[PDB]
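S.K.: Questions regarding the structure given below will be posed in turn.
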Amino acid sequence: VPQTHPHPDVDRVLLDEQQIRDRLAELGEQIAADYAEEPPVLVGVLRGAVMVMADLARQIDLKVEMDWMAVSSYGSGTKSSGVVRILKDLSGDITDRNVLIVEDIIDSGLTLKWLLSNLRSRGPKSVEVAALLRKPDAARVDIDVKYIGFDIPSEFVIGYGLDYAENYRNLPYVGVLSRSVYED
Amino acid sequence: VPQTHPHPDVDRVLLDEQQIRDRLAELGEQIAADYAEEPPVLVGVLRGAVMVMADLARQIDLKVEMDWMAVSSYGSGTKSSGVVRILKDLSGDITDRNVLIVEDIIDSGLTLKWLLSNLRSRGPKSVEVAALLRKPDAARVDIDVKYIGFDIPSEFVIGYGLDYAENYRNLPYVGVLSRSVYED
Amino acid sequence: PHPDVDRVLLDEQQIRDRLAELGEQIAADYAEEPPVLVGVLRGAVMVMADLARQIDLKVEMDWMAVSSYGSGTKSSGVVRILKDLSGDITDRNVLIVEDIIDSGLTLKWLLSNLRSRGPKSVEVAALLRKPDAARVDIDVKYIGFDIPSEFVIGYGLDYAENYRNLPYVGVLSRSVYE
Amino acid sequence: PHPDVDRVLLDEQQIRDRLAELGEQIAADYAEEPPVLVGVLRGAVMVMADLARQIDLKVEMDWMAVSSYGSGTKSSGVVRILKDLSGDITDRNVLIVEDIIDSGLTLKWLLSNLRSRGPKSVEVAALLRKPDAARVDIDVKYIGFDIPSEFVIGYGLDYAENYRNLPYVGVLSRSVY
Ligand SMILES: [Mg+2]
Ligand SMILES: [Mg+2]
Ligand SMILES: [Mg+2]
Ligand SMILES: [Mg+2]
Ligand SMILES: [Mg+2]
Ligand SMILES: [Mg+2]
């Protein structure tokens, strides 16, 4: 890319590939010790959870299982109660299992709270959450998140499975999507 | 069919076509009066609910909507908590809506109780139930069913959308499946 | 007279009489090997529930649910499957039971989809056929009624989720969209 | 050494090196028009997460979830779609990203199913290819590794839902089998 081209020199990287890897290595170990007697079913909500789940799972030295959900919005209902449409439910019964929801981000949205309560209605022994990223407004929802990768500022973030209009999920880092007019 | 052929002359009919139609007409009228101000979203769980839903809807003189779910078993989990796998969820937000689940049968299974609690977690104004049939072992499970077609004995029933190994759903009546050896 | 209905196109008794004829014809055509009735939600509900009961065979019934893929659906008929058939149709006779056929390409695509799943045969029974259905090259074996090019409601067919519970087929009144 | 694993077939570094080369080749081949990467759950998870990050283009990612239709799946490859693609692929380049290819007919049916949805093209990238994959006539443009006919686990691949989180591809030990 020529140096005369007017565009930002570096798109603003919030968490780089090595930082993510180091932190998931630590979380993996802590999770492996906490679940030593009874490995969890890792549950991920598509599509945001793809990278964190593939990576974190490989840092957990237990016989974990992996299962997925796909969800869509019910419009104004999703905003007010966190209810989502289940496009793809869990494949497996979680009755009497330890379940670990693995999230890309938590914030002031109510969908994680509603999903937690949904999975707790299915008889599991326990349901906990591991989230890569937490924003400041996550404090406004009353939920206990046992494992947190990083606190981040309130920015629109992309990469590491997070998109903007379906793009940028394949970035190996977490970046801030540019909002301002670039000037040379 | 020749008279020398060794086969029963009549299948044991529990509720005939006219009895179902007369009773659904009465349920329809009662439902229309109760929901005059705010018509319900009729919810049916496939495939059992097809005939009762098509028919009851047409006996309700209000602007109802209709929506559907499809579900499958999670094995032992379904027997112990009623939890089922959602294969197709509601298409519509039921936030602040009146919802009427229209059932083919109620019994000692926990799935209706779990489904009622699942829909109540999505912010509806109210969720009630209309069921065509109710067996004696439904008394075990504490749920309030506002509209009941018929209390029936404990028999394996078929017809009127109810199957045995996928068969007999298109009988216009509700019959008792025979398992005995026919003798001439 | 319903105020959202311009006029009744097909009354409850006409539908019932016609489905009784279709049912008998279908029962004769499939006497050796009953079909799997397939319906696409939600428009097929009434016709399927009523027709199935007029077919004196041991039919099975299965359902799909679909969403649009936007511009792709218009150009090829492809749809997004939100609920697939629950049962294998390999070596089965399948009878798609439709509410309406017209110039839309989703039926044609669906047919080609089901024929890619190994069935012995796939045929169509449609309650209603509009004039513009002639523009798509598909053979529909059973047809309830030819109707004119009107937006139709009732008997499971909706406008903006309403009127599916009318026991007849009506023409939607322009006062509901003007 | 893991006790359920008889031996390691492909180690973590080998998989990483190979996906780095595939990523580069893919990025050159699609430079003008990035692909929608399509993965079928759950086996494609690791290969898709990793390969996507080695492709320096603005790719998209979409997923499917499938079940068997029993005897029909064996004879034609047809599967029951539990979750379909979320996105229209009309006039798009598509790249199905697979965990294994072999004599099973499901990839062939899926390829033909996607080609019925109007895409500009559909190609396949597969991490692993077994010997019996020669028996199905499909053109697979990108192949990570040829492997022998073994039941393989790890790197997203399971046995009875276990071992998906191994960071290498192993051969399952017959003591578990
Ligand atoms: Mg510069
Ligand atoms: Mg998420
Ligand atoms: Mg039921
Ligand atoms: Mg239709
Ligand atoms: Mg419509
Ligand atoms: Mg695969």
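Residue numbering restarts at 1 in every chain; chains get A, B, ... in the order shown in the structure tokens, and ligands count up from 1 in that same order.
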Find the residues near region 81-87 of chain B: any atom within 8 Å, counting only C-alpha atoms, skip ones fewer than 6 places away on the same chain, and give them as a VMD selection string.

M.R.: (chain A and resid 86 to 91 121 to 123) or (chain B and resid 69 to 74 109 to 115) or (chain C and resid 83) or (chain D and resid 82)

S.K.: Output as a ChimeraX atom specification the set of chain D residues within 12 Å of chain B, with distances taken over only C-alpha atoms.

M.R.: /D:65-67,80-83

S.K.: Using only C-alpha atoms and a distance of at most 8 Å, pull out the residues of chain C that contact chain D, as JSON, numbers by chain.

M.R.: {"C": [69, 70, 72, 76, 78, 80, 81, 82, 83, 84, 85, 86, 87, 88, 89, 90, 113, 116, 117, 118]}

S.K.: Any chance you could export the current selection's C-alpha atoms as a PDB file, in the first residue's frame?

M.R.:
ATOM      1  CA  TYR C  69     -33.076 -15.458   1.018  1.00  0.00           C
ATOM      2  CA  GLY C  70     -34.192 -12.010  -0.391  1.00  0.00           C
ATOM      3  CA  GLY C  72     -32.215 -15.085  -4.454  1.00  0.00           C
ATOM      4  CA  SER C  76     -34.509 -19.006  -8.411  1.00  0.00           C
ATOM      5  CA  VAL C  78     -34.583 -20.913  -3.324  1.00  0.00           C
ATOM      6  CA  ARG C  80     -34.129 -20.800   3.717  1.00  0.00           C
ATOM      7  CA  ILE C  81     -35.251 -23.895   5.556  1.00  0.00           C
ATOM      8  CA  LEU C  82     -36.340 -23.140   9.099  1.00  0.00           C
ATOM      9  CA  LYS C  83     -37.794 -26.529   9.639  1.00  0.00           C
ATOM     10  CA  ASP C  84     -36.964 -29.415   7.384  1.00  0.00           C
ATOM     11  CA  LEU C  85     -38.934 -32.562   6.821  1.00  0.00           C
ATOM     12  CA  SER C  86     -38.732 -34.725   9.895  1.00  0.00           C
ATOM     13  CA  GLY C  87     -38.831 -38.004   7.806  1.00  0.00           C
ATOM     14  CA  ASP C  88     -36.749 -39.599   5.031  1.00  0.00           C
ATOM     15  CA  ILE C  89     -38.703 -39.570   1.814  1.00  0.00           C
ATOM     16  CA  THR C  90     -36.296 -42.006   0.049  1.00  0.00           C
ATOM     17  CA  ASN C 113     -35.250 -29.996  -3.808  1.00  0.00           C
ATOM     18  CA  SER C 116     -33.017 -34.590  -4.974  1.00  0.00           C
ATOM     19  CA  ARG C 117     -33.819 -36.651  -1.763  1.00  0.00           C
ATOM     20  CA  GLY C 118     -34.486 -39.974  -3.520  1.00  0.00           C
TER      21      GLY C 118
END

S.K.: Between C:9, C:66, C:114, C:51, single out the one closest to chain A, counting only C-alpha atoms.

M.R.: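 Looking only at the distances to chain A, the closest residue turns out to be C:66.
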
S.K.: Name the residues in contact with residue 133 (chain C) at a cut-off of 10 Å, using only C-alpha atoms, excluding same-chain residues fewer than 2 positions from it; report them as number ranges by chain.

M.R.: C: 100-105, 129-131, 135-138, 146

S.K.: Would you name the residues within 7 Å of ligand 6, counting only C-alpha atoms and all ligand atoms, and put them as an MDAnalysis selection string?

M.R.: chainID D and resid 40 43:44 98:100

S.K.: Residues of chain B near chain C: apply a cut-off of 7 Å, count only C-alpha atoms, and supply the list as a list in words.

M.R.: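 Every residue meeting the condition is included here: residues 50, 51, 54, 57, 58, 63, 64, 65, 87, 88, 166, 167, 168, 170, 171 and 172 of chain B.
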
S.K.: Within 9 Å of region 143-149 of chain B, counting only C-alpha atoms, which residues qualify if same-chain residues fewer than 5 places away don't, as a list in words?

M.R.: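 The filter keeps residues 20, 23, 24, 27, 30, 31, 112, 113, 128, 129, 130, 131, 132, 133, 134 and 138 of chain B.
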
S.K.: If you run DSSP over the backbone, which residues in region 48-153 of chain D end up helix (DSSP H, G or I)? Put them as a list in words.

M.R.: residues 48, 49, 50, 51, 52, 53, 71, 72, 73, 74, 75, 76, 106, 107, 108, 109, 110, 111, 112, 113, 114, 115, 131, 132, 133, 134 and 135 of chain D
